[PDB]
Every structure is written in structure tokens, then in C-alpha cells.
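Student: Provided herewith is a single structure, encoded as C-alpha cells, for subsequent inquiry.
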Amino acid sequence: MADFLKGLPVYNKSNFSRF
Amino acid sequence: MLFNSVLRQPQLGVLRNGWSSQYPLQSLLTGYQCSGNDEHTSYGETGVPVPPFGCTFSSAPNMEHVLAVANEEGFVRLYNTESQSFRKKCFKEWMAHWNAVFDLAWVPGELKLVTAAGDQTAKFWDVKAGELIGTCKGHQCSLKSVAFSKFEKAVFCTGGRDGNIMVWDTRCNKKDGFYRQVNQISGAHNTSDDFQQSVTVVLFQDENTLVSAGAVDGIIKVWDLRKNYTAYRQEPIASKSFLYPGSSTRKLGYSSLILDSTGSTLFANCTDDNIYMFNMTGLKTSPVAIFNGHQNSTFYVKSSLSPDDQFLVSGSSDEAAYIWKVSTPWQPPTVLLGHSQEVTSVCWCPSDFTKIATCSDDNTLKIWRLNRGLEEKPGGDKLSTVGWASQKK
Amino acid sequence: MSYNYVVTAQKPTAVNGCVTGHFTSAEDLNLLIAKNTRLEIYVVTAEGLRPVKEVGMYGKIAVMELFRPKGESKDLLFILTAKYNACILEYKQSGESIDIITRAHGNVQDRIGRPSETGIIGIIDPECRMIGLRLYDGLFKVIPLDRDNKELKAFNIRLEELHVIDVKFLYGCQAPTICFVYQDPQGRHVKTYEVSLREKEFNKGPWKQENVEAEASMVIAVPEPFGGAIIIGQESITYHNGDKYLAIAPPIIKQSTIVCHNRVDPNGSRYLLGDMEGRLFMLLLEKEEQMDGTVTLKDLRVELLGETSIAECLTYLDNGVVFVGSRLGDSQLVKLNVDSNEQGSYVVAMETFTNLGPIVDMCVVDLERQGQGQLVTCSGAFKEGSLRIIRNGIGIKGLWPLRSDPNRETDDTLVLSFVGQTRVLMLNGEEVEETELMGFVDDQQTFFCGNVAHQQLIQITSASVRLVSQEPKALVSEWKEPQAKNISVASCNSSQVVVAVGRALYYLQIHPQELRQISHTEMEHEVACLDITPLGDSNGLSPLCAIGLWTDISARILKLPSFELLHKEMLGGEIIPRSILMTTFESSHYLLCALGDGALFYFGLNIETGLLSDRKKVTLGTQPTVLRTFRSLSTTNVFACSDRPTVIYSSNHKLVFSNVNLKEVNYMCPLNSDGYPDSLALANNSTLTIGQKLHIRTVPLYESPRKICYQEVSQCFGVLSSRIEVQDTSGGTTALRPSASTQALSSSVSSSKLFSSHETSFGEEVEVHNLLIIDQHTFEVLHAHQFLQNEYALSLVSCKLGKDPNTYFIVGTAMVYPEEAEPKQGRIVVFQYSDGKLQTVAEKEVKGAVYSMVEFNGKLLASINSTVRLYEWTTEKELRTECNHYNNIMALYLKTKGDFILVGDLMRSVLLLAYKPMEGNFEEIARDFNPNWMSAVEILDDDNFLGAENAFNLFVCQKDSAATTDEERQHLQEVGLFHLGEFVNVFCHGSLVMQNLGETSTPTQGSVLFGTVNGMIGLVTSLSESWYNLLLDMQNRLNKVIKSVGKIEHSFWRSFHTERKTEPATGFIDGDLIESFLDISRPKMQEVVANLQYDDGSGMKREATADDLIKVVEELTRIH
Ligand SMILES: CC(=O)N1c2ccccc2NC(=O)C12CCCC2
């Protein structure tokens, strides 16, 4: 939960929500 | 290594090794051998043998195996190298010049060649028709080299003892069957500081770029043939110049220039027993590599490159031919022992990595064929070999 | 007779070109993947990766970059081919038609210059001012990016540093700047230059040149907030920006080299790093602000995110999803979780894209023994090795067109049934319930039902008609009960629900407001069908009532009202066809007789009488065949029911017999679910079998396979496999992964005492080679035999030798050592797989590497390095030398046919020998004299010989026969030349289609399948001279008419290419271009063949129409 991996870039929140 | 490269080829596909092949072939050099039937003796008109001088393979289609050999009596002999008829391989021969012949140059892609001689002339020989096309005249001392560009078959350059580089075009009309020059560079290699400020070797990099070397100048010069040097009353200035990279203070000169298939890399034999490898594309005028181990005492010693540009073979006054891997100049060379006198000219077959033709001063032309495996069925033990490849001490 | 037809059956799958950006538009994220000559564009959508457009370059993509010049709304694409054909492409959508256009093109090759060792490097200025290329040593090609440059005119800048490893364009620099790592005798250095377009030269450079680690590999240009560059060599990562210098040496990186990199955050904080071992790392660029204003790097940290497939690409798309582009294995789409799992790894695979990878070896086998071959290939390398099988093809029980929805159709609720019992099943969409109903009876079974109107479903049973339902709630369509018979040989449709019951029969049309009496005459015989075949979507409107008579099946067609037998036409299949049902294709309906045993009959149905049409013959299995027309697409094709059912598909007038992808079924009712028509609720006779030109089955091995051979006697595959093992001073050697060789039912180790002829380090990676015996059904490793230490198995053959009835697995191996350029010891071991064990028979130590082995005439001929040997299998089961041939460098490849032998050399071209039985030794019949650097060979005819160059070329050499008696008979003349563009690895003889009716004057003779390193499979088939000339004219006209995507000349692309010669291609026909004739519009089709003469009926050559040309092209593509 550290800043090592959290906060990865997103274009829009819905690009893979229903893969 | 060779086996590892072959094994990994299917899995990883192709790769770039810095030369025009995908395998390290340094382990096969010891397999070169000259058979008893592969050694030819050049004979003069009187009967005594004469030393061959100048020998290279043709570029004509379906005829890339014939070899043209000249001697000091002016005879030009065409041998068949791939033929195994076990007879006289000299399929053609004719007296090209009354005096000595100092260079031959096959027309690219055609069965026509040019012989530059001591008659102060060059002669255009149509091999298939067995007739003389014409005579290039205008040199006044002695032609020393003749060069054709791989990209054109009508313009060739002749460098002579007078110090002139004479550019002839076969398309231009001949007044009386004698070709007149289309360009001329006078005093190309002159030491500003009897005269004999001769150019030794002239070579083509493009259809407009020419690389020339002198006999005492020590500077390798590059000329743009698009420019007109005939009107230049003053001393011409080369587009590029490679100064002498050595500590020797003598009148150093270069006996041979060789370009690889790409043309970017130039190998120059020097009188101080060195071979300097320069790059003709970059800004580095210093030698990229230095090869040594031979003896380039005379100007007759010449070198050649393998068809894949991997190896460089050079003659010597040591009475042997030295093969260096271009990628590793530091490694000891491979020595092609067997000649009884100075090895004058060498020629790696452009269409065959297996064949190397060495023309020496013991009146012998030797064709070295890569024989892999010394254990075979009976028939011939020692007489069937006259030369052998061994690692240098 | 050397005229060949090369067509790619499977397109390349290995990924080498790779980008992401806004290509299709300025709003949708795109992923562009280039696999050799193929470029595919995907739009990242909510569902996932949506295919958008696939195009074929006329070249091998080496550089692909996405750049947006100022003003342009969407990114343009820069593509450079291996032949230096630079082009700029823009995606242009016309509403429905989808095109990508070439805004600029040009060749950038130079006549002087040695190609660089580190390959082609292509970079774009961050401000899109220029394009930089590193093609040759000592030069840097610069293409100005002005809009005037429609021809891509470039200029070359000469630089002192001849050997350049990698060059990148820096960020945040006013003038364009390149930062590159170069190698000189002093070591490796990093240097910066400023490119001046006005001066066309290199200026000083923003910052100095520093000495970097001796193994620096590639450069990353950090974006504006940080600036500078990152040099990631072996065991070291450095950051350079002016005076700022950061260095780290993480222990994790030193294990294997970093191959690929990608940028996760636009500001450059995070990067993804690939590896040769497949592990995925993340590199962190920690930042810190100096009070206010400029921000500076503080520290460099790398973290091991996890393990992926061996990656040629890392590409972060969005939402924590990374595309991993694999060249040695299947590509992946993985997700970076914020937290790890058991055996901590932050990478979880979401999707796998199949890649055939490097096809090292392959074989064509008929496992089913029906007649259609299958391709089993050795694919992948290292941990990605697999055994892909390529095949060409396409109690709940009941069958009925239950029209629950009068217009929506499909199906919501069904009825389950046992053998003799039935019960309505409550399929409330995706869920079912099993609750008994009091009002129903579950002691009888129903085989066929239907719905007419108002959802009037009626329960059907032998005793009577009873209904307890929810939608119908009434027995309106009352089916009569004359004698209470079961539902057998009866056909009913939606319009009427009629089953064959009793014998006192009148027409059954008991439905509201009509009572038809078509069948009024007394008829004792039980007719299988008493319905009509609709033409299209019509219901209740039969164009004709003629179905023929089952008794005789006369060719002349009789209308039902007339009921008079026409002229007799006896057919070979006197036995009546099992089931005759009319099937209506896209616009074509045909009369097909489904005779199960054989003698199938096809006819065309014309109006009224209908006369007769052409007949066709295709054999089937000894099983009853039922014609089942299925309505699930614009083409309402039919479904066969034989041992190997054929789902025939329609063409202009030639229907193709596509094979089903399952084993076999008897009576199945397909579901028309548009979501997944392939996966349905289909049952079987006793089980529940649920159910794309090519189908690929993957059998992971977790080790690199080398060779494969099939043994039908033992029904097993012998596979040569290699395992990478790390060796430690303690414990001997430990395996990296539980691979296939370790995971075997029974295992054995080789024990040969003849190889008495070294200690490695404590971390040396050794290779352990095994022969795996794999079952052909379960594809599991039945046995695994491990060879000796430092012994590599190169060749494998399964054959019967001499007079021994037993079939042997013969493996040629060589003992390899680190200090030997060439192996000097080898073995030819013989195994017999009797029962679960690989018993050893003979050893036959040899002095060299056995590169390839072929069974010749009951004798084994092997290729020790620089030797071709012949071995006799004596009665004492020991190989004995017979004859030798030495005149070769190395006999890498051996192929034979009859008494002739083809030998491939590492330098020299193919060599043709011939065993002479009388004297008993080889004789060099002929030898090609053009140096070609063989990669694979194949013998096509007794004259033509096929060879593959290592420079992605194909050629055919012909044994001259018209030559006069001389040494000129000893020359193999290279008569056919072609530039395939793929590195062919294996040649094989066979086909993936049905091997029947091949003698009907087929245009192509023979069939050769070649598998390449990029994962593509191709077909080479010989053509006749006239057909070759016609195809060559077609090729020229198509090249004139159609436009390449990069405006690349097809003749330039296909021309034979090598570092020395660039001869144009002759004696070869591009199958892809020929087949592309079917994809051009009809006006464009008429533009082609405008003035072409075709001699179809006879010697006269009429003005060829488009229809004849379509016929020719489709007949050509049938074999593909
Ligand atoms: C080759 C040539 O004809 N010569 C020459 C011409 C022009 C300039 C210098 C020389 N030098 C020479 O030594 C000579 C003059 C006397 C003969 C040899």
C-alpha cells in the first residue's frame, strides 16, 4: 500500500472495469 | 563459436556479427590445402618458367570461377578453377603485351578484362570473342594498376609510374582505335619536401569516388571523379586524405588497397610490413586496425578479403600467405606454407569462401581449397599436397 | 518444370514491432503490434483489446514509432522495413470504410556503409522536428519532418564514433539532442550531440562524455521534469544529467540482461524493465524539490514486479495493465496488482495471445487416420517451449425449434429428457431448476416439438395430449392420436406440429381458422418428411412442394401434385440416402443426398421440373448421415452427421467441405446464441460434448524442444528437449523449473562408457538434453531419457532399419565442451520403446556432430560434421559403415527421395548425391555453385530442389537435362528465386486439407509445408507452365491495380535479396497477392483482367471475364 506501486496512471476509470 | 551459433540459429533467428555472415569461421582456416594438381607453373615463350603477377576471378554470370593470370612476359592465361577434369586448366592464353603486365581488371558482370602493361598502355580484351577491343594510351611511363567500379562497366581508372591517374570511358569515341582519357589527375602523389613519384594502386569505391595510394608519398588520397582535374595546372587536392599512421621515417608507400563488400572499410598494405584498416564513412582518419606478422618488402605484395569480409589474406616476402580475422587483429595469423619464394598476389574467391588463389615468385599459381577432415579413404598421402595451413608461432 | 506457388497458411505471430498511442483518433488509446510483415491496430476498450485493422507491409518492420507533429490531431506512424523503406502512415476513417494512407515514403538505404552490429535504430525528436536513424557504422541519417518532405529526403551526418550501441533523443533540450552509448578501445562511453538541420551537422553537446560500465546496453530518455538519460547496463544502472550523476548496482539485475523498457508515468517516475529470463522489474525515479522551482532526482530504485513470458516488449496501456510482447513464446496481457500474493508476485496474467514462436521442427501426422493431416510443431524456447498442434477445421436432451419468442426467436425454456422419459426444464435464462410438477407425466419421452403461435406449446406423449403450462394453458394445436405411436422418422416445423403416428392418416393441420387436406389419399408407407423446405426466412410459403421419392431417388425431379415417376436415372448408390434435406445458403439452395456409406449426390433445384445439375463425390465414414440445416448466420448451411461431419460452406458455385472441430456426434441440435455460437448446450449420445480456419492446441513443456518424430507402431511422439540447469558446488545440479523432462511417468538416464572424454564454475548454466516419449492422445510425457553430461541431441529419426521388424527411435548426439569450436565426439543411439520404457539397443560412437539423420532404404544415413555416411543395420543389431562422402563443409541438412540425396552446407548451396547399389558408394551427380548459407532444404521432384537461405529467401535449383554431355551436367542451375521475408526453419511434405479427389486435374502438384522462426507456416506447390504464366500476368495486373499500404513496389519486396546480389524474383508466384484478388471491389476486379486471354474450354483463348478469374483464384485457395 506504499507509493511503490499505488497510483498507476489511468486514462479513464472504465477502460477495463468489465474485461 | 561455430557450433553454438549453428545450434542457436533456429531458436533465435538471424543476428549481426559485424561482417557479411552469421557464423564464426576462424576454426576452418587450418583446413586450407593445395593439391598437386592445383599447382600450375607459368612458362615463357623461350621455355624457362616465369613468375605470375596479378591474378583475380571473373564476375561474369556462370563464369565466376575462371581466373586470369598475368606474368612478366605479357602472357594472360585464363584457368578454370572449379573444373575437376584433371587436365591443363589453362583453358585460354594469349600474349596480351610484349612487355610485362602489371595488373588485370575484369569488367563487372562481363567476360571482358583490361591489361595494364609496361608498354605505357592498357589493352581492352574481349575474352569470349578473343579480340582486342581497343588500346588506352596516354600514360608515359608504366601502368601500375587498373580499377573498375562495381557499379559501372564503362569507366575505369589506370594509375601509372608517371604519377598520373587516367580515367578512361569506353563509351567515348576512339579516333584510331586508341581510347582517349575522359579525365586525368596529374601529380597525384608528389612529395613536395629519378623523379619516379609513382602511384602504386588505384581503386574504386563508387562511380564518382576513387581511392589512390602512392609509392613514397605515404598518404592515401580520395578523389571525386565528378570534378575535372585535367584543367588543374596546380597540384590537385584530394577530398579526403589518410596520412601515414606510423613511426617509420623512410619514404613509406602503399602496395595495395582493398575495399570490403560494403565499401566502408579500407585495408592498405604498407611498405613498413603493416596493414592499416581505416573507415571510409566516419570522421575517424586514424587507422581502425593494424595487422602485422608478414613482410611487405616489395611493392608486388598484395592482399584480398574473404567474400563475407571476415578474413584478410595477404602475401609476403616471408614466402607465405597470412590470414588475419578482421574482428580480432591481435590473434596470430594463419600461414599458408608451401611456396618456395615470395608470395606476390593473393585472391580470395568472391563467389567461393573455399578457394584462395595465390600467385607467387617461384613461378607457381596455387589454388588452395578448404578440405575439412584429414581422415579419408586411401589414395594419396603426401604428394597429393604441396601447401598446408598452420597457426603462426 | 520449376514454377512454384507460395502462400502463407498461418500468418506470423512473433512480436517484434511495438507501440502505443493515439493513432486511430485523439481520444481512444491504441496498441499497435507489428509481427514481421503484419501490423495490427487495437483500440483499448472496456471489454479489452478490440481488433480494428490489420495490414500487411511489403517488408519486415524494423522500426515503428508514433509521433504527433504540431497541428495534427492524431498521431502519425513511422514504419521502416528491413529493406530500408521508410514510410509515414495516417489512419483515415471514412465512416464505414477503414483505410490508412501513406503521407510520405522513400528508400533510405545507402550504397556505401556497413550495417550496424546493434541493428537498425530509429528515433523521433520529442518536438517532432526530425527523425534519426542509425543504419550504418560511422553515419547518422536525419530526415527533416517538414510537411514539404513528401519524398522523405534525408541527409547523412558523419560522426567519429563508428560503433554506437544505442542512441536516444533527449527531453527538455532547446536544440534537438542525441545521447548515445558508443564503444571504443578505451571502453564504453556516453556522449551527447546537438543536431543542426541548417548546418546539417553535430554541435558540441549539452553535457560532457563520461565512462560507463563495459556492458552498457540501451538508453532511456527521461522526460522534462527530470531530464537527462538512464543507462542500464549489466549489474549497473546510471543516471546522467549535466553534473548530476546517480549510480546503483542492484543484485537482482545482475542475473540476466535487461532487454526491453517502457515508461509508465508520463513524467518518468516509473519504468518497466524486461529481461531475458522473462522476469519483469520496475525502476523508480525518486524525486525531490529544491525549496521551489526545479525538481531533481534523489535516488534510483529497482523492484522485481514478478515473472512474465520472455518479453520483446513491455507496454503499459492503462489501468495497471501491461502488454508483454513475446518473440519466444505466447504474448501476454497482464495486470500489476497493488499487493502481492502467495509466492509474492505483483503480476497476474489476464490474457494470452498464441504465438507459434520459433518452429524448430514439425511433422505432419494423421492421428485419426481419416485422411486429413495435422501439424505438430516444436515451438518456443527456454521456459516458453511447447508442442502446438495445428489442425484445419471449424439428463438434458431434446431437439426442437421451440419458438418461445415469435419474433426474437432464440430460446429461453427447454425440455430435458432421459432415454424413454421427458420433463420440461425451467431454464429461466441462465439458470435452471429441477422441481417436479404434479400435472405432468415424466414416464414418456419426446424427440421433436415445435411452436406455432401464442406460445402454444403442447406436451407430447404416446397415450394422449395433456397440458399443464403457463404460456399456452390450452391445447389449441391438438395433435391427433390414431394408434399412439412414438416420435420416429418424423419432421415438424414451427408452422405445424405433426409427428408420424399410426397408419390411418389424414393431413394434420389442427390449428385455429384453417384445416388443410394436402395429404388425402390413403398412404400405407410411413413418410420420413411430410413438411416443406422454406427458401430463406419465409414461413408457410413453399415455392414448390416437390421433394422427390425416397424409394428410387431418380435424377429427374417430380412435382408432388403430378405424382408421376419420370424417366429412370440409376445412380451408383442404390442404397437410399440416409436423410435428404434442402439447405439454403446465402443465396443458393442445392439438392444434396446424404448417403452415409458413400456415393453422395448433389443437385441444383430449378423451377418447376428442375431438370438436373452437376454431381459431386466426397466419401464419408460408415455411419448414417443426417442433413441438418442450421439457421444461425446469413448463410444457412447444413450440418452433416457422419463419422467426420462436414459443415459445407458456400462459394460462388463450389461448396467446401469444412471439418468439424470435435470428434464425432450423431444427432445434435445447435443453438443460435449470437454471444457464443461455438460453445453451446450440446449433448452427445451418452455424454455432454459442448462442441477460425486453423485451431492450435498448446502443450506446455517448460523447456526448449529441438526435434519431433512420430511413431505409429507405438503411437507416440519422440521429442528432443533441452533443459537449462544452474550448477552449484553443493548438490550437483539443480533444475530451474519443474519442466516436462523432470515430470515424466518413468525416467531413465543414459550410461555410456565409451565416452571417457572438465569442471565448471559454481554458477555455470549447463544444458541437459532429453528424449521424451509422449502419448499421442493425452499428449503427456510417457517417458524421458536423459543423455550423458555435456551431450546435445541434434538429430532424431523414427524408422525401421534393415530386416528388423522392430521400429526404432534413433538419436544423433554430439559431446560439446566450452573450449571446442566444433564437437569432436558423437553418438548415434538406438532406442526401442516397447512398453513404457526406452530400451537402448546400439550406441555407435562417431567422431563428430551428427547434425541430421534420415532413413534411406532401410539403411540409416547420418551427417557427421563434414561427412555423409551410410549405415547398415546388421543382423547383430549393430550399425556398420558402408560408404562415406567427404566433399562438404558440414552436412547440416539431409533430404532424400528414392536413390537421390540432397545435402545442405553451411556455406555452399545444396549438393545432390546418388547412392549406387552396384558399386556401393555415393556419387556427386550435381552441385550448386552459388554460396547461399543454407537454413533448410527440401526435394520437390526428381529434378527441382528447394532451398532456404538464411537471409529470408527461397530458391529452386533444377538438375539440367537438356545440357550436352559434359561437366555442365554437374551444375545445379538456380532457376527460381523468391524473397519470402521469413527465416525458414523446417521443410516437410504434407497438407492440412482433405487428401481426396486430388487427381481431378488440380492446378497444383504436390504440397510442401515450411515453418519459420517467426511462427508462420507456408505452402509451396508446383504449378504447370501455362498456369504459371497466367498467374504471373495476374500478379503484374494486380500490382498495377492495387495499392500497397506503404507504397512499396511488390517486385522490390519479393526480389531476391542478399548482401551481395539483388536479383529480381523469378519462377515463384506470391500466393498472398493472388488470393488478394478476391478482396478487391467488382469495378477493380474488372480493371484487372481487362485484356487478358484465358484458354478454359479449349486452345482458343477468349477474353477472360471476372468470373473465370474468381474461379481460378478460389480453386487455388482451396489447397491453402
Ligand atoms: C617513367 C618515365 O618515362 N620517366 C618520367 C616521366 C615523367 C616524370 C618523371 C619520370 N621519371 C623517370 O625516371 C622517367 C624519365 C626517364 C625514364 C623514366
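Student: Can you compute 3J(HN,Hα) from phi for each residue in segment C:794-801, using the Karplus curve 6.51 cos²θ - 1.76 cosθ + 1.60 with θ = phi - 60°, rounded to whole Hz and x for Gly and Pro?
Tutor: Taking θ as phi minus 60°, the curve returns 9, 10, 8, 9, 10, 7, 9, 10 Hz for segment C:794-801.
Student: In whole Hz and in residue order, list the ³J(HN,Hα) couplings for segment C:903-914 that follow from phi through the Karplus curve 6.51 cos²θ - 1.76 cosθ + 1.60, θ = phi - 60°; x for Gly and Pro.
Tutor: 10, x, 10, 5, 9, 6, 7, 5, 10, 9, 9, 7
Student: Continuing with this model, one more query. Rounded if a/c is under 1.5, else prolate if a/b beats b/c, else oblate: with a ≥ b ≥ c from the C-alpha gyration tensor eigenvalues square-rooted, which is segment C:393-693?
Tutor: It is oblate, given that a/c is not under 1.5 and a/b is not larger than b/c.
Student: On to the next question. Could you work out the relative contact order of segment C:965-1046? I mean the mean sequence separation of Cα pairs under 8 Å and 6+ apart, divided by the number of residues, in percent.
Tutor: 23 percent
Student: Show me the GluC sites (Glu not before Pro) within segment B:1-77 that DSSP assigns to loop and that have at most 10 other Cβ atoms within 10 Å of their Cβ.
Tutor: B:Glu45
Student: Can you give the local net charge around B:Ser316? Use residues other than it whose beta-carbon is closer than 10 angstrom to its beta-carbon, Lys and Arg +1, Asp and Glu -1.
Tutor: Net local charge, B:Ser316 excluded: -4.
Student: Once you put a point 7 Å from the Cα of C:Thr629 and another 7 Å from the Cα of C:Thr352, both along the Cβ direction, what distance in nm separates them?
Tutor: About 4.2 nm, to one decimal.
Student: Rounded to the nearest 20 debye, what is the charge dipole size of the protein assembly as shown about its Cα centre when +1 sits on each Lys and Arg Cβ and -1 on each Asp and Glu Cβ?
Tutor: Approximately 2180 debye in magnitude.
Student: Given the DSSP H assignment, sum -39500 (n - 2.57) over each helix run of at least 4 residues in chain C and divide by its residue total; what's the result at 222 nm in deg cm²/dmol, nearest 500?
Tutor: One gets -1000 deg cm²/dmol as the mean residue ellipticity at 222 nm.
Student: Can I ask one more? Counting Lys and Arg as +1 and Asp and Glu as -1, what is the net charge of the other residues whose Cβ lies under 9 Å from the Cβ of C:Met934?
Tutor: Overall, the nearby charge balance is -1.
Student: Same structure, new question: Compute, for chain C, the length of the dipole vector about the Cα centre, with Cβ point charges of +1 (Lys, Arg) and -1 (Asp, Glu) only. Units Debye, rounded to 20.
Tutor: 1180 debye
Student: List the residues whose amide H sits under 5 Å from the amide H of C:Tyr833, counting only those 5 or more places along or on another chain, with H placed 1.01 Å from N in the peptide plane.
Tutor: C:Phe809
Student: Still on this structure, I have one more. Mind checking the mean number of beta-carbon atoms from other chains within 10 Å of the Cβ atoms in C:112-119?
Tutor: 6
Student: Between their Cα atoms, which of C:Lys824/C:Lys844; B:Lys227/C:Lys204; C:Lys844/C:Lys877 are more than 22 Å away from each other?
Tutor: B:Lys227/C:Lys204
Student: Quick check: Cα centre of segment B:203-225 to Cα centre of segment B:1-38, how many Å?
Tutor: Their Cα centres are 33 Å away from one another.
Student: Also: Under 12 Å between alpha carbons, and skipping anything fewer than 8 positions from C:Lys244 in its own chain: which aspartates and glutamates qualify?
Tutor: Answer for C:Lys244, where 12 Å is the Cα cut-off: C:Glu210, C:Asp299, listed by chain and number.
Student: Here's something else I'd like to know. Excluding residues on the same chain fewer than 8 positions from A:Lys6, give the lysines whose Cα lies under 17 Å from its Cα.
Tutor: Those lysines meeting the cut-off are C:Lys287, C:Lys335.
Student: Right, next: Taking amide H positions as placed in the peptide plane 1.01 Å from N, state which residues far from C:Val497 in sequence (5 or more) or on other chains have amide H under 5 Å from it.
Tutor: It is none; the list stays empty.
Student: Scan around C:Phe601 for amide H atoms under 5 Å from its own, H built in the peptide plane at 1.01 Å from N, and keep only partners 5 or more places away or cross-chain.
Tutor: Amide H to amide H, under 5 Å and 5 or more residues apart or across chains, C:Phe601 pairs with C:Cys593, C:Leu595.
Student: Same structure, new question: Through the Karplus equation 6.51 cos²θ - 1.76 cosθ + 1.60, θ set to phi - 60°, convert the phi angles of segment B:352-364 into ³J(HN,Hα) values in whole Hz; use x for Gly and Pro.
Tutor: 7, 5, 6, 9, 10, 9, 10, 10, 10, 8, 8, 6, 9
Student: Now for a separate question. Please identify every one of the chymotrypsin sites (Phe, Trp or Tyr not before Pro) in segment B:62-120 that sits in a loop by DSSP and has no more than 15 other beta carbons within 10 Å of its own beta carbon.
Tutor: For chymotrypsin sites (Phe, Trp or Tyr not before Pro) across segment B:62-120 that sit outside H, G, I, E and B with at most 15 neighbouring Cβ atoms in 10 Å, the list reads B:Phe86, B:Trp98.
Student: Could you sort out which of C:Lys60/C:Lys1061; B:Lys325/C:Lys141; B:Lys88/C:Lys916; B:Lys123/B:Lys251 sit more than 21 Å apart by Cα distance in this structure?
Tutor: B:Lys325/C:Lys141; B:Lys88/C:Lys916; B:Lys123/B:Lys251
Student: Would you please name the trypsin sites (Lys or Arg not before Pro) within segment B:68-176 that are DSSP coil residues with at most 12 other C-beta atoms within 10 Å of their C-beta?
Tutor: B:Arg87, B:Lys88, B:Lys128, B:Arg171, B:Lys175
All Cβ positions, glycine included, derive from the backbone under ideal geometry; neighbour counts span all protein chains shown. Since every read-out is calculated from the coordinates, none of them should be taken as a lab result.
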